[PDB]
Structures are given as C-alpha cells and as structure tokens.
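Peer 1:
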Amino acid sequence: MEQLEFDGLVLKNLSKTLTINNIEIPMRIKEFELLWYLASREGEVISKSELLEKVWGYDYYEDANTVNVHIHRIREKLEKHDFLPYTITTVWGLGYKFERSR
Numbered sequence: 128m129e130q131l132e133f134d135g136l137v138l139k140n141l142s143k144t145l146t147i148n149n150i151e152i153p154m155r156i157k158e159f160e161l162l163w164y165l166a167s168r169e170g171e172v173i174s175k176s177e178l179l180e181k182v183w184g185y186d187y188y189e190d191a192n193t194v195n196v197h198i199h200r201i202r203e204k205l206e207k208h209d210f211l212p213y214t215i216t217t218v219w220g221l222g223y224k225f226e227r228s229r
C-alpha cells in the first residue's frame with residue numbers, strides 16, 4: 128500500500144506526508160512512520176515494544192517513552208486541525224490502536 132484514506136485524512140507513504148481535507152500538515156518522518164504503521168493495522172492494538180522494534184528498529188532512542196510522546200504529537204496535530212472521526216486510542220499498559228473515534 129502506498130496511500131491510505133480515512134474520511135479526509137490521507138497518508139502518503141511515498142512522500143511520507145499527510146493531508147487533512149487536502150491540506151498538507153507538517154509532520155516529522157518518525158511521527159508519520161508511527162502513524163503509518165498503526166493506520167496500516169486499523170483496529171489492531173500494537174504494543175510499545177513492537178513499535179520500538181519495527182518503527183525505531185534502525186533509529187535510536189534513550190527512552191522507551193519516546194513512543195508515548197510521538198502518539199501525543201500525532202493526536203495533537205489531528206485535533207488541532209479539527210480531524211475528529213479517527214484517532215489513536217491508548218490501551219493502557221497494552222499498546223495503541225488507530226481506529227474510528229469511540
């Protein structure tokens with residue numbers, strides 16, 4: 128898959144950019160790759176460990192809590208640009224999942 132669409136949110140993996148209502152939203156590459164990994168697995172709860180291993184596999188991190196920080200950054204950007212119908216749900220202690228809101 129090169130492109131995912133979720134009611135107005137479009138993820139473009141070739142360019143590692145994202146649009147909301149066809150407007151590009153600045154996002155760093157790690158944040159995009161995290162979002163892409165989750166949205167590619169809509170509805171699946173992905174543990175911090177799998178995210179660190181498969182999204183940061185090559186990049187380094189002092190602190191596993193870089194995952195949480197990045198989840199928050201993604202949700203802040205979606206929320207700030209009034210994107211409501213999909214979000215990343217935190218499943219406490221278990222992981223994160225991209226899914227329809229509620």
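FYI, in PDB author numbering the residues of the sequence shown are 128 to 229. Backbone N, C-alpha and C define an ideal beta-carbon position, used for all residues, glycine too.
DSSP three-state label for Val218, please.
Peer 2: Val218: strand per DSSP, three-state reduction.
Peer 1: Taking buried to mean at least 16 other C-beta atoms within 10 Å of its own C-beta, is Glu160 buried or exposed?
Peer 2: That one is buried.
Peer 1: Spatial neighbours of residue 86 within its chain, please: CB distance less than 6 Å, with the 5 preceding and 5 following residues excluded, ordered by chain position.
Peer 2: A question about residue 86 goes unanswered here, because the residues of the chain that appear run from 128 up to 229.
Peer 1: In the DSSP assignment, find the unbroken beta strand (DSSP E) run with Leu145 in it and report its ends.
Peer 2: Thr144 to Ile147 is the span of the beta strand (DSSP E), which, as asked, contains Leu145.
Peer 1: For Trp163, count the other beta carbons within 10 Å of its own beta carbon; 16 or more makes it buried, fewer makes it exposed. Which is it?
Peer 2: Buried, since its Cβ has 16 or more Cβ neighbours within 10 Å.
Peer 1: Can you give me the Cβ contacts of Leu141 inside the same chain, cut-off strictly under 7 Å, excluding the 5 residues immediately before and after it?
Peer 2: These residues qualify, in order along the chain: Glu129.
Peer 1: Just reading off the beta strand (DSSP E) that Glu160 is part of, what are its end residues?
Peer 2: Where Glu160 is concerned, there is no enclosing beta strand (DSSP E), although the alpha helix (DSSP H) it sits in stretches over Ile156 to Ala166.
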